[PDB]
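Positions of Cβ are generated from backbone atoms using ideal geometry, with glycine treated the same way; all protein chains shown enter the neighbour counts. Each reported figure results from applying straightforward, stated rules to the coordinates on display, with no laboratory input.
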Amino acid sequence: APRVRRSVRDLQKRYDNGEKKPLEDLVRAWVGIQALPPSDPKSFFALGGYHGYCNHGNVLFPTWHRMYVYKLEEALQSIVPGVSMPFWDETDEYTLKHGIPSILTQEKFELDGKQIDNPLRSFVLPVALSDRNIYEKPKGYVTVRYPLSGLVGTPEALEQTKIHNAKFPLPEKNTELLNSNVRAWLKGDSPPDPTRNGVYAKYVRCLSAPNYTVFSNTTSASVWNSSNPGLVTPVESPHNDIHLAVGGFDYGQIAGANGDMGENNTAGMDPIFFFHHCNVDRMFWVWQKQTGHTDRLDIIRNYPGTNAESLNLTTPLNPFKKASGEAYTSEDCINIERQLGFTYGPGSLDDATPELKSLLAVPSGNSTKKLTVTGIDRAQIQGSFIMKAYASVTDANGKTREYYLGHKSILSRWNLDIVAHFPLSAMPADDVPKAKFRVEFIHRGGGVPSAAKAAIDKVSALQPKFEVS
Ligand SMILES: [Cu+2]
Ligand SMILES: [Cu+2]
Ligand SMILES: [O]
């Protein structure tokens, strides 16, 4: 009898009908896990801190994160027995039309007699995150989302942060703009009417991934895309996009809202990290269901994405441990029903419908070909950034049509050749040989005004090379 992870809007539909305990239990557990001292390995602090070990851009991204959510849920169970971590369904109809379920964004919550602060909205750091640096965080820091900023590690950063946050004083309004930035990412244009370019399409496409390796991560998917016709999309890509939106990037040059979800430094101290990751693991389980890999996953030997030591299904996923003291491995969490005792409830995109081929279709007239972008060294850009691609055609008589080709989100950190691929399905096949390509970068611009000039100038010297197939 596996437990059932349900959508959070499901637990909310139960609250709206007077059945309160499901939501209340969950909140109670989160109040629980956030209150444990920092030395407790089940504390929210300890748990979120593990991620600042983790695996991105490699074939353990999905199973490392599967086990990660499972430990958060173990720790919640040490407080309220039998509780399940709900998923934020980011491709459901409510989110396309209204964005984030309000239980994740509400200021307060009715628990026992008491109106308490919502523990799903933010976390207050019990101790500081420092070394002895703009990404560092003082005790008492409260996590923040778009449109606010949380860069507070230097006098300069904190002052610029205050000047930034004082433009957005009303929580009700901040929440509206957040919901509005989330729906725009999802749609891929001005806000359901989804387009081929948004996060919705990227999620739909990753379920078509041909093997686990190119599904698992953006390193493998990018090399596969350099070397196979068509476009494959790793689950990691849309996962990164949700990080940037909550974490401070608009869809519609510098992103000055520096929220915790926007960078790998403290993404894990925001509780929404786990609602989102709980839904990424669900996409992963859905992709296993739909391709028949509920018990067997394969890793292509020597493939890019399979190295840090080769990375294989026996590779430990530190720091997670079985009660033996043995580390978990990817072998230990392929089948979530058999090996971990849980399953997902109903949610968006679990069925392979014909509607979800019409979206990804090359419209009649338009090109089946693909644009590859190279010669980008990201090693010197700091923080996360978005590559937006475009084609402009100059006509027979001086008329320019502009063609938006899509986006690529690089989720990164504050402290390496990058290859992007874009379909040309937005443009009519004729015009492609007659097209001048380019990429706009949206980026953190040093984060503080004292590094803006250096970061903007490294961006302006980028030398991207173009290639149609
Ligand atoms: Cu991560
Ligand atoms: Cu993540
Ligand atoms: O992540």
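Under 15 Å of direct C-alpha separation, and excluding same-chain neighbours fewer than eight residues apart, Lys20 reaches these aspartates and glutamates: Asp10, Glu110, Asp112.
Note on the chain: dipole from Cβ charges, positive end direction compared against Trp185, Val432, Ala451; the farthest Cα belongs to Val432.
Computed over neighbours whose Cβ is under 15 Å from that of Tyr135, the net charge equals -2, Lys and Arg +1, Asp and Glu -1. Can you bin the stretch 1-99 into rounded, prolate or oblate? Criterion: square roots of the alpha carbon gyration tensor eigenvalues sorted a ≥ b ≥ c, rounded for a/c under 1.5, prolate for a/b above b/c, oblate for the rest. Oblate shape, in that a/c is at least 1.5 and b/c is the bigger or equal ratio.
Rounded to the nearest 20 debye, the dipole magnitude of the chain is 460 debye, with +1 charges on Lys and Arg beta carbons, -1 on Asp and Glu beta carbons, and the Cα centre as origin.
Note on the chain: Cα-only Rg and Dmax are 22.0, 74 Å. Annotation for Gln463 and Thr400: the two label points, set 7 Å from Cα along the Cα-Cβ direction, are 2.4 nm apart.
A crude spin-label estimate for the pair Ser102 and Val419, with each label 7 Å from Cα along the Cβ direction, gives 4.8 nm.
Using the structure shown, select from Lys162/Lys453; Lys42/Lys71; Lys399/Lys434; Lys71/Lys139; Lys187/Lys408; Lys369/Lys436 the pairs with a Cα to Cα distance greater than 18 angstrom. Mind dumping the intermediate values first?
Numbers: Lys162/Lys453 21 Å; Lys42/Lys71 8 Å; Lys399/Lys434 13 Å; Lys71/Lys139 25 Å; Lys187/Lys408 15 Å; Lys369/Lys436 15 Å.
With Cα atoms farther than 18 Å apart: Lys162/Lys453; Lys71/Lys139.
I'd like to know how the stretch 388-469 sits against the 2.2 N^0.38 Å rule of thumb: what's its Cα Rg over that expected value?
Details: Rg = 15.7 Å, N = 82, 2.2 N^0.38 = 11.7 Å.
That ratio works out to 1.34.
Taking Cα centroids, how far is the stretch 1-74 from the stretch 349-394 in Å? Between the Cα centres of the stretch 1-74 and the stretch 349-394 lies a distance of 32 Å.
Note on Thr368 and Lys453: with the Förster distance fixed at 45 Å, the Cβ-Cβ geometry gives a FRET efficiency of about 0.60.
What's the exposure ranking of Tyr344, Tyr70, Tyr403, going from fewest to most Cβ atoms within 10 Å? Intermediate values should be presented prior to the final figure.
Values: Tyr344 23, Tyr70 20, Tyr403 17.
Taking fewest neighbouring Cβ atoms as first place, the list is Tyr403, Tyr70, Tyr344.
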